[PDB]
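Chemist: dropping in the first section of the assembly, placed as in the complex:
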Amino acid sequence: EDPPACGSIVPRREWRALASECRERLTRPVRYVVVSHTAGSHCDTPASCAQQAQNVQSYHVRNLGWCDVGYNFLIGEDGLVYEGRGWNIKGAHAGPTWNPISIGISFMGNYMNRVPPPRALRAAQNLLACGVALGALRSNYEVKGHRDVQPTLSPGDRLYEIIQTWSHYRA
């Protein structure tokens, strides 16, 4: 079980993740959440999203040489959250000024001119509520979009419009 009402994260072992080798810790009460998109293939069933999670981590580990998938959590259009590096290990997703002070969540797919289903938007807001409840996220946490932090099109134009609608979105 997980501490408080904390919404159905699919664990690493369930999507067949390679073992992590990342060691850097994340200071517990984190303030920021940077939302990005993978720019990869999109996904809408648990079978196909688990495979997509394997494909992303694979690229990050086998090819780029990283210690594990770059993001802290991945989200599928199947409307489920996939455990990446987690709440405790510093992720590699928004650059050296932002990786140690934020949580990186990534929507699997390319949302430049595609919008994610409400069930995926629901899963993320629910993952974020679990964040607070847990202590990993500061109650007054701010959500930034990848592009407000690094020069890039991520999280896609259409995904980007939505996150401004968000209660916690700053700047």
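Modeler: Sure, I can see it. Numbers count the residues shown, from 1 in each chain, chains lettered A, B, ... in the order given.

Chemist: can you show me the strands along chain A?
Modeler: A:9-10, A:30-37, A:73-75, A:81-83, A:102-107, A:137-145 (DSSP state E).

Chemist: and residue A:143, how far is that from residue A:164?
Modeler: In this view, residue A:143 and residue A:164 are 9 Å apart by Cβ to Cβ, to the nearest Å. C-beta: built from backbone N, CA, C; applies to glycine.

Chemist: residues contacting the closest residue to residue A:130 other than its chain neighbours?
Modeler: Closest residue in space to residue A:130, ignoring its immediate chain neighbours: residue A:6 at 3.5 Å, by Cβ to Cβ, 6 or more residues apart in numbering. The contact partners of residue A:6, by Cβ atoms under 8 Å, 6 or more residues apart in numbering, come to A:130, A:133-134.

Chemist: go again with 10 Å.
Modeler: A:87, A:126-127, A:129-134, A:136 (Cβ atoms under 10 Å, 6 or more residues apart in numbering).

Chemist: swap in residue A:3?
Modeler: Per Cβ under 10 Å, 6+ apart, neighbours of residue A:3: A:130, A:133-135.

Chemist: now residue A:3: phi and psi?
Modeler: Dihedral pair for residue A:3: phi -20, psi -90, per degrees, to the nearest 10.

Chemist: which residue lies nearest the spatial centre of chain A?
Modeler: Closest to where the C-alpha atoms of chain A average out (Cα atoms, centre = their mean) is residue A:105, at 1.6 Å.

Chemist: quick one: it and residue A:73 touch, right?
Modeler: Yes: in terms of Cβ atoms under 10 Å, residue A:105 counts as a neighbour of residue A:73; the distance is 4.7 Å.

Chemist: who wins for most neighbours among the contacts of residue A:3?
Modeler: For those, counting by other Cβ atoms under 10 Å, the largest number of neighbours falls to residue A:130: 20 neighbours.

Chemist: now the contacts of residue A:6 as JSON lines including distance to residue A:158?
Modeler: Output for these, formatted as JSON lines (distance: Cβ to Cβ, whole Å):
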{"residue": "A:87", "distance to residue A:158": "28"}
{"residue": "A:126", "distance to residue A:158": "21"}
{"residue": "A:127", "distance to residue A:158": "20"}
{"residue": "A:129", "distance to residue A:158": "24"}
{"residue": "A:130", "distance to residue A:158": "26"}
{"residue": "A:131", "distance to residue A:158": "24"}
{"residue": "A:132", "distance to residue A:158": "27"}
{"residue": "A:133", "distance to residue A:158": "30"}
{"residue": "A:134", "distance to residue A:158": "30"}
{"residue": "A:136", "distance to residue A:158": "29"}
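
Chemist: to the structure above, add chain B:
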Amino acid sequence: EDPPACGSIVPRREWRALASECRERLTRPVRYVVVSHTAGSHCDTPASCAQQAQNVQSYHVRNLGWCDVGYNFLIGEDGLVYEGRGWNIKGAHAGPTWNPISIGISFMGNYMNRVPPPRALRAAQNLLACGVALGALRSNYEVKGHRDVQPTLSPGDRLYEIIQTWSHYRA
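Modeler: Putting chain B together with the chains above:
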């Protein structure tokens, strides 16, 4: 206004349910939770799952002429929870004696000699955790099998065998 720590649920509108004709209430803090299986087809994608939700509601409303789907919540093997009568409305799932005082959640499928996948079990447990967060369920709620309350094989041997290991299961 605000707000749901709680968890993520596929709402009535999203799986295209007919409107509820129900108006009888469940007194605010609920004590018992009854677990059953639908004994119908199983499901593993948001698409097919939403379809089953309708087939089940359809059968309840059109054929048995109930005011709405009999369960408060339905669980899919796609790992999602589908909204039924919900937290406030009394359901029709376990007899005139247990319906006024419990929440009936049902797994879509027949678990007589088949087991539900980990993500479905995780969705159900998460759903209940959300229940006490809302104050809909007692912190000390009690889970019961459908067979413990009325003569039926529901929730199916394999699933019944599993829920007995649940922290809140009571004789």
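
Chemist: since we added chain B, can you redo the contacts of residue A:6?
Modeler: A:87, A:126-127, A:129-134, A:136, B:5, B:7, B:126, B:129-130, B:133 (Cβ atoms under 10 Å, 6 or more residues apart in numbering or on different chains).

Chemist: list only those of the residues you listed flagged as buried.
Modeler: A:87, A:126-127, A:129-133, A:136, B:5, B:7, B:126, B:129-130, B:133 (16 or more other Cβ atoms under 10 Å in any protein chain shown).

Chemist: apart from its neighbours in sequence, what residue is nearest residue A:20?
Modeler: Closest residue to residue A:20 apart from its sequence neighbours, by Cβ to Cβ, 6 or more residues apart in numbering or on different chains: residue A:68 at 4.0 Å.

Chemist: longest helix in chain A, please.
Modeler: helix A:118-134 (DSSP state H).

Chemist: quick check, it touching chain B?
Modeler: Yes: Helix A:118-134 lies within reach of chain B by Cβ under 10 Å from any Cβ of the partner chain, at A:118-130, A:132-133.

Chemist: residue A:168: which of the residues you listed is nearest?
Modeler: residue A:128 (7.7 Å; Cβ to Cβ).

Chemist: what residues are up against the residue nearest to the closest one when sequence neighbours are not counted?
Modeler: Excluding the flanking residues, the one nearest residue A:128 by Cβ to Cβ, 6+ apart is residue A:33, at 6.5 Å. Contact analysis of residue A:33 by Cβ under 10 Å, 6+ apart lists A:72-73, A:102-105, A:124, A:127-128, A:131, A:137, A:141-145, A:163, A:166, A:168-169.

Chemist: next one: residue A:33 from residue A:115, what distance?
Modeler: 20 Å.

Chemist: before we move on, what about residue A:44?
Modeler: Distance from residue A:44 to residue A:115, by Cβ to Cβ: 13 Å.

Chemist: the two: which has the busier surroundings?
Modeler: Higher neighbour count among residue A:44 and residue A:115: residue A:44, with 20 against 14, using other Cβ atoms under 10 Å in any protein chain shown.

Chemist: run a quick neighbour tally on the residue nearest to residue A:20.
Modeler: 21.

Chemist: what sits against it?
Modeler: Residue A:68 neighbours (Cβ under 10 Å, 6+ apart): A:12, A:17-22, A:57, A:60-61, A:84-86, A:89, A:91-92.

Chemist: what are the phi and psi values at it?
Modeler: Note on residue A:68: its backbone torsions stand at phi 180, psi 170 [degrees, to the nearest 10].

Chemist: so residue A:115 is in contact with residue A:163, correct?
Modeler: No: using Cβ under 10 Å, residue A:115 is not in contact with residue A:163, being 11.5 Å away.

Chemist: chain C should join the structure above:
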Amino acid sequence: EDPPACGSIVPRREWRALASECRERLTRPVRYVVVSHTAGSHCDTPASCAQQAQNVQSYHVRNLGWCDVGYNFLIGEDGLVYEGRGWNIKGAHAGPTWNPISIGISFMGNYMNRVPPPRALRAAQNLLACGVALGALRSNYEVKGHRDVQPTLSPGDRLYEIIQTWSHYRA
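Modeler: Adding chain C to what we have so far:
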């Protein structure tokens, strides 16, 4: 054919009991009776005792979040028996091992340094003869003190001292 001498019992509705939420039945005939004391204050009138009964129910139901007062019957210093969960419903008075196979009667007060008057003692024994008549108790039932079954000072040094002299007492 016709009736036994049972009813010197003050019914729930007479002492203003809150509605019960318990549903687990006892299998009759019951073999054991476990004697305890509330460790609280006493009462020697039907007036104050109906009060006392209400307060210990309020504790069990409001503070502890229990379906009902934990004892099957409560005995007054006024010589009257007060209905608790009664003969057919499992109480919550001596733990998971003993609750399903026994009836828990409790003397309202603290008998560590007081003996309960004869009329309280009389009330209790006549309650027992009764149980046998109705068929609720085995004719050869055994009485155990609360401290013989759980670590507590209940039923009180003096009353404990009193019950070990009883015909039906055992180990």
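
Chemist: take the contacts of residue A:3 again, chain C included.
Modeler: A:130, A:133-135, B:129.

Chemist: out of those, which are close to chain C?
Modeler: Within the contacts of residue A:3, nothing lies near chain C by Cβ under 10 Å from any Cβ.

Chemist: farthest pair in these?
Modeler: By the measure Cβ to Cβ, A:135 and B:129 form the most distant pair in the contacts of residue A:3, at 16.0 Å.

Chemist: centre of the chain to the longest helix of chain A, how far?
Modeler: 11 Å (Cα atoms, centre = their mean, to the nearest Å).

Chemist: before we move on, what about stretch A:150-165?
Modeler: In terms of Cα atoms, centre = their mean, the centre of stretch A:150-165 is found 14 Å from the chain centre.

Chemist: before we move on, what about stretch A:111-121?
Modeler: 14 Å.

Chemist: now the end-to-end length of it.
Modeler: Stretch A:111-121 has an end-to-end distance of 13 Å (Cα to Cα, to the nearest Å).

Chemist: got it, and stretch A:62-71?
Modeler: End-to-end for stretch A:62-71, by Cα to Cα: 16 Å.

Chemist: what do you get for stretch A:84-96?
Modeler: Stretch A:84-96: ends 19 Å apart by Cα to Cα.

Chemist: can you pull the buried residues of it?
Modeler: A:84-87, A:89-94.

Chemist: near chain B at all, that stretch?
Modeler: No: Stretch A:84-96 is not in contact with chain B by Cβ under 10 Å from any Cβ; minimum separation 15.6 Å.

Chemist: how far out from the middle of the chain is that stretch?
Modeler: On Cα atoms, centre = their mean, the centre of stretch A:84-96 falls 9 Å from the chain's centre.

Chemist: before we move on, back to that, could I get the buried residues of stretch A:84-96 as CSV with distance to chain C?
Modeler: Output for these, formatted as CSV (distance: Cβ to the nearest Cβ, whole Å):
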residue, distance to chain C
A:84, 39
A:85, 39
A:86, 34
A:87, 31
A:89, 39
A:90, 42
A:91, 41
A:92, 47
A:93, 44
A:94, 46
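
Chemist: quick one on the thing from earlier: now do the longest helix of chain A against helix B:118-134, angle only.
Modeler: 60 degrees (axes from the mean of the first three to the mean of the last three Cα atoms, to 10 degrees).

Chemist: between strand A:30-37 and helix A:118-134, find me the angle.
Modeler: Using the same axes, to 10 degrees: helix A:118-134 against strand A:30-37 is 160 degrees.
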